[PDB]
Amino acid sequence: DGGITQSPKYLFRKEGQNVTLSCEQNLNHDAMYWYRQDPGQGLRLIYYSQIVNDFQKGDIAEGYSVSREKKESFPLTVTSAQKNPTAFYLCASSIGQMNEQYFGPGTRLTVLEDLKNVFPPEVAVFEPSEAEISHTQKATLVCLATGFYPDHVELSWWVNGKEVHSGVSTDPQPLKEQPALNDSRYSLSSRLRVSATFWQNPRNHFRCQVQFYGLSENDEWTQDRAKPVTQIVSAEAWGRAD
């Protein structure tokens, strides 16, 4: 119903490369902000703008630039000058002064030179065990997303075409398949629990969807394998009558 739109949840920034994070809002607010979340002090202001064409620096505006040609947009540019390892950027807007700030979904900008390590995930769904069915009258589908790097994914479940939340339990964070190594790829899993009777209808459909935030179409790909571009990887299953 009209909120804030910013850059995708995850982005790649090659060292010494200039990247711009969009941020637009249709709330007709005048005040727009850009924050960076640093492990210690949490959220910290980068740039702030009270009206068109104006911007007041924050304590960490070093290496960043913004513009405010229009009331709706406040694009933040992270220049090669910036030297942060990887951060989380958050955009916001408010009526102005000190009324009330509304926040965007945030964006994690991961900085890395090497690009040969990037891999989209492989996804699978495993049907519930008859044992589970005939003992709790519930059915639990399991989704496994594996072999991806970096950990730039978002998992969701779709039942009969619509996204669902109740009965969904997803790991809080992707885990390294080999914590030992460093060039380790990641895995992530989730469970969807539904009634047994629902799972037993052959017409019901279940889909596990994993959004991978990879390379852009502009990025150059040297390797031979398809470029790990942003994409959707899914796995599905139909209901099975015992």
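The first residue of the sequence shown is number 1, and the count goes up from there.
Out of 195-203 and 172-180, which stretch has the higher average CA B-factor listed in the record? The stretch with the larger mean CA B-factor is 172-180.
Tell me which of 216-224 and 21-29 has the higher mean C-alpha B-factor in the deposited entry. Mean B over CA atoms: larger for 216-224.
Based on the PDB record, which member of 187, 41, 211, 65 exhibits the highest Cα temperature factor? Of the options given, 41 has the highest CA B-factor in the PDB entry.
Between 141, 109, 98, 91, where does the Cα B-factor run highest in the record? In the PDB entry, the greatest C-alpha B-factor among 141, 109, 98, 91 is found at 98.
Going by the recorded CA B-factors, say which third of the chain residue 113 sits in, lowest, middle or highest. Top third by C-alpha B-factor.
Position of residue 2 among the chain's modelled residues by C-alpha B-factor, lowest, middle or highest third: Top third by C-alpha B-factor.
Lowest, middle or highest third: where is residue 164 by Cα B-factor in its chain? Its C-alpha B-factor belongs to the lowest third of this chain's values.
CA B-factor placement of residue 102, once the chain's modelled residues are sorted into thirds: According to the entry, residue 102 has a C-alpha B-factor in the chain's highest third.
Going by what the PDB entry lists, where does residue 55 fall on CA B-factor within its chain: lowest, middle or highest third? As the PDB entry reports it, the C-alpha B-factor of residue 55 lands in the highest third of its chain.
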